[PDB]
RNA sequence: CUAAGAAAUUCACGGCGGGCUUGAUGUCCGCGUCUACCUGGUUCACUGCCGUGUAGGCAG
């Protein structure tokens, strides 16, 4: 018996597009009304400071190229000059039961995966993965470049049942560390709530409110809208920021990628900090191919070893595999 | 067109940032001119050199 | 059984120097607005001396 070839693990822990507004610190308690940060426009005259060749380039050509300016046009977004706090608000559906997919060839593989995910729900419900998701919510990983340089970052997490509240935590993202993962009673409570929310025990819907003193007038960093620019259609414009209806927003993909930094046992290194959890797991910015497929430590070959040969490595690799299936994606080519 | 914000005339942030980093006094030409801005291929483009 | 399935995609920046917009002018002529009226609106379903617990007689 072989396994299914067309498989589609689905999205789970879906965050919303984070909207940004701006106001003053210590009046953040009664703040549901702050005006949105909007993407402004300005012009740039710069030099050319990139690396330049010494072969097949004329001396007069590079003398004419360095000494002539570059006049591009970019987008920015700043806080107002009397507002020193970047508010970031988003919601987070926690669905439940990310084990089984909904695209399967083999019925025997599908209920076999149901057998092993019911085994994992039986012996221990989602505890350390819930710890790591609740701790990424606890600090400000969703604040990417908004985090560094801030003197005070607060995370407030409310839970939704009806037009009312169920619990109101309060997390100090400066006091809560960045690298070494610990556990505390509020973090235990949030990890327990979404621990119920992950194993299909019902419906969990959260909304997270963040605050950050940066300083009045400073640069915020919404995400960047992409463009191909392959050859022709060069353009007067660069740095297209991302927006919604009249506000500066962060993509769902990148705040989800901020939620999915779990793996501390990748085989390349273990003291540099965690990386992003994905098959062929390697962060995009570094470019170094972490989690080489020629070892047994993929999601592909490891799932093929774990569902046919019925053997197992240590429990942390299974935490990585269960984080892969909570992540979603494609198994097989 | 002059740069502005809501109801206020403004200087860009990078113009102030350029005026802060005018430090370099060891470009190999001379000390007769003075400090220029720190830059790779350190170029005062406003005088074309 | 949602054209099924899924995705960090980026870091840096000096726009600037200069200028004569000016000359001249007829907005005109004429006109019918008129008929009738209940604000008691409660101008807070309320303001005050007996004990600051529903515990009192006034042209309220």
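What is reported rests on the model, the rules as stated and the sources as named; these are not laboratory values. FYI the Cβ positions are ideal-geometry reconstructions off the backbone, even for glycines, and counts take in every protein chain you see.
Before moving on, here are some points about what is shown:
- Filtered residues of the range A:5-22 (kept if within 19 Å of residue A:331 (Cα to Cα) and surrounded by fewer than 19 Cβ atoms within 10 Å (Cβ to Cβ)): A:5, A:6, A:8, A:10, A:11, A:12
- Checked against the criterion of being facing chain A (nearest Cβ under 10 Å) and either over 25 Å from residue A:220 (Cα atoms) or touching a residue at least 24 places away in the same chain (Cβ under 8 Å) (or both), the candidates B:42, B:32 yield just one match: B:42.
- Meets criteria (in a loop (DSSP other than H, G, I, E, B) and either in the same structural domain as residue A:87 (by CATH) or at positive phi (or both)) for residue A:205: no
- Output for the range A:283-306, where each listed residue is touching a helix residue (DSSP H, G or I) at 6+ places or on another chain (Cβ under 8 Å) and within 22 Å of residue A:128 (Cα to Cα): A:297, A:299, A:302, A:303, A:306
- Residue list for the range A:250-282, filter: more than 12 Å from RNA strand C (Cβ to nearest atom), crowded, with 18+ Cβ neighbours inside 10 Å and farther than 17 Å from residue A:134 by Cα: A:266
- Among the candidates A:80, A:69, residue that is more than 16 Å from RNA strand C (Cβ to nearest atom) and not assigned by CATH to the domain that holds residue A:273: A:80
- Those residues of the range A:239-249 which are surrounded by fewer than 16 Cβ atoms within 10 Å (Cβ to Cβ) and either more than 14 Å from chain B (Cβ to nearest Cβ) or more than 9 Å from RNA strand C (Cβ to nearest atom) (or both), in sequence order: A:240, A:244, A:245, A:246
- Where strands (runs of 3 or more DSSP E) fall entirely within the range A:1-62, those with at least 2 residues that are away from RNA strand C (no atom under 14 Å from the Cβ) are at A:18-23.
- Residue A:57 vs. criteria more than 29 Å from residue B:3 (Cα to Cα), surrounded by fewer than 15 Cβ atoms within 10 Å (Cβ to Cβ) and within 11 Å of chain B (Cβ to nearest Cβ): no
- Count - residues of the range A:198-222 that are more than 19 Å from the chain's Cα centre (by Cα), crowded, with 16+ Cβ neighbours inside 10 Å and over 27 Å from residue A:22 (Cα atoms): 2
- Just one of the listed residues (A:85, A:73) is touching a residue at least 40 places away in the same chain (Cβ under 8 Å) and loosely packed, with under 14 Cβ neighbours inside 10 Å, and it is A:73.
- Test set (1) touching a residue at least 40 places away in the same chain (Cβ under 8 Å); (2) over 29 Å from residue A:244 (Cα atoms) - residue A:184 fails condition number: (1)
- Subset of the range A:144-180 (residues that are touching a helix residue (DSSP H, G or I) at 6+ places or on another chain (Cβ under 8 Å) and touching a residue at least 60 places away in the same chain (Cβ under 8 Å)): A:144
- The range A:83-112, subset out of contact with any strand residue (DSSP E or B) (no Cβ under 9 Å at 6 or more places or on another chain) and more than 15 Å from RNA strand C (Cβ to nearest atom), residue farthest from residue A:159 (Cα to Cα): A:108
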